[PDB]
Each structure stands twice: as structure tokens, then as C-alpha cells.
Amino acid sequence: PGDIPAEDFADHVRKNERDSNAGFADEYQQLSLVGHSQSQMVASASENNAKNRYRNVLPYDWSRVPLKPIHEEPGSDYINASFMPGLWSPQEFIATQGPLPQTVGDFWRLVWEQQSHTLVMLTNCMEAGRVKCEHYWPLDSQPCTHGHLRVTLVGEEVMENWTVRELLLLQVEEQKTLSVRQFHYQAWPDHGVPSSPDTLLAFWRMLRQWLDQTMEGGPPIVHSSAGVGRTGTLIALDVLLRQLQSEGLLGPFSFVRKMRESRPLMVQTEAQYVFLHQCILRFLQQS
């Protein structure tokens, strides 16, 4: 179904790189046509005006992740977040924007209601003086509370290009806790690419090693600033590398197309689309 056999992928990438990525640019032009005739009426509602970081980056109605409604609060079921397809499921991941000050509580409610044990953060809170995402997790000195939830920082290990944080999410009305592990990649510029495929692959190997041991609960929640660009590139990397290993096939164009049906702008620059292919190529060279 358009899938490329593993043995054929290296040649496919080289063909699309010719003439300054002439083949990749045409594939990206075709991908940019996908999914625009779908409604965004919930995200566009006046009640939800202050809940979207970017007016022109909104979830589609059919694939948005609803929150449980709060009695007499219109729009309380809305968060800028979408179910994203994976290897096995159309709900394998959740892509969401970087929380705003006024949606940090909704974000943690999303984590709780989905029972997601894994967060992936691909943005810094501020980049070159420009705000990208709220620092939505607590410091180790004081837990933070939102609605019926208490969030506690339990541990934090800092590496050269990423940080892993261990969090405890307690729903006070239920007396039930959720352990959440946050994988924060700290060297991926907005609308750009990491410095090399090797460092992103190292981050991915760590994340996938964790996920292959943590499959209880809901989908991993992946986010950046808009929740489309760095988010879509990482999700595509993980799905395609697992497709490579579990099926011996790779279908990047097909997967990004499915992603665009669920949420706009996934893999947000042509450079990120090319970078995605160069990472898979490096994973084969490393193999």
C-alpha cells in the first residue's frame, strides 16, 4: 500500500533528496493538501477562545481528545489535543499544544483522565526570549494543585540534551495516584531540526525502551509549543521505526497523511520531513 520494503528505503531517500530535495518537496506539497475540509467547531467556539495558544492551529472535532464535562461550565470538555494514529491504533498517541497558564489545569486533567504514564516534551519553555510553553510541572520543593489534582515532582535526571522527570499525580477525590514519567528533549528549535539524527535517535531509543516496559494506561502524550511540528516528527519517527522492525516495511508518506487527517500541520516544515527520513536512514546505517 505504497509501503517501501526495508531493503529499498535507502534508495528511496536518495531519489527524493536529488535537486535540493525535489522529491521530498513534492511529497510535502501533496501532504499539505490533506484534511482541510474537516470541522474545528469546538476549538473555534467563543467559550474556548483563551484555550488555544495559536489561533490557526486547532484540533479537528472528530479526533480531538474530550475532557469530562464539568457541571455548568460550557467548554469544560475542550483541550487543544488530538488522538494520533500509530502502528496499531488510531489512538496510539495524543498530540497537544504546550499548556498556557490558563490551561495547565486542563492539561493535568487530560493526563489523569487518559491515565497516561508518559509525557514527551519537545520544546523549551522559552526559546531565544520567546515564550513557547508554560512550565506546567512543579518544582521539587512544592507540589502544585489544579482542580482535584495534586502534582508532585519525585525525581529528575539531567543529561546533555534532555531531562527525564518523575512525577506523581494524585486525584484527591478518588484517592488514586498516577506515576508519570516526562521525557523532555531540550535541544530541538521550533520550526527547526535537532543538531544531528544521532542525538534524536539516542533520545528515541531511551523513550522506546521505557514504553516497551510501560504499556499500562492510556496513550503517551506528546507535545511541543503548537503540538504539530516537533510533535509530529517524533511520533512519525517512533511509528516508522517500529513498522520497520515489526513489518520490514516503511510508509512515511502514508503515515504523515494519516496524521494530517487527525490534526493539522503534523511535521510542520519540509526540513522536518526530510530530517525524519535521514533519521530512519541513520538507524539503518547504525544497524
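Heads up: residue numbers just count along the shown sequence, starting at 1.
Which is higher on average in the deposited entry, the C-alpha temperature factors of 91-99 or of 153-161? It is 153-161.
Read off the CA B-factors in the entry, average them over 115-123 and over 202-210, and name the higher stretch. The deposited B-factors put 202-210 ahead on the C-alpha mean.
Based on the PDB record, which member of 41, 67, 236, 221 exhibits the highest Cα temperature factor? Each of 41, 67, 236, 221 was compared by C-alpha B-factor; the highest is 41.
Quick one: which of 147, 194, 129, 86 shows the highest Cα temperature factor in the PDB entry? Top of the list by C-alpha B-factor: 194.
For residue 268, the third of its chain into which the C-alpha B factor falls: Lowest third.
Considering only modelled residues of the same chain, in which third does the CA B-factor of residue 254 rank: lowest, middle or highest? Middle third of the chain for residue 254's C-alpha B-factor.
Of the three thirds of its chain by CA temperature factor, lowest, middle or highest, which one includes residue 76? Tercile = highest for this residue's CA B-factor.
Which third of the chain holds residue 244 when residues are ordered by C-alpha B factor: lowest, middle or highest? Top third by C-alpha B-factor.
Residue 53 - Cα temperature factor, lowest/middle/highest third of chain: For residue 53, whose C-alpha B-factor we compare with every modelled residue in the chain, the answer is the lowest third.
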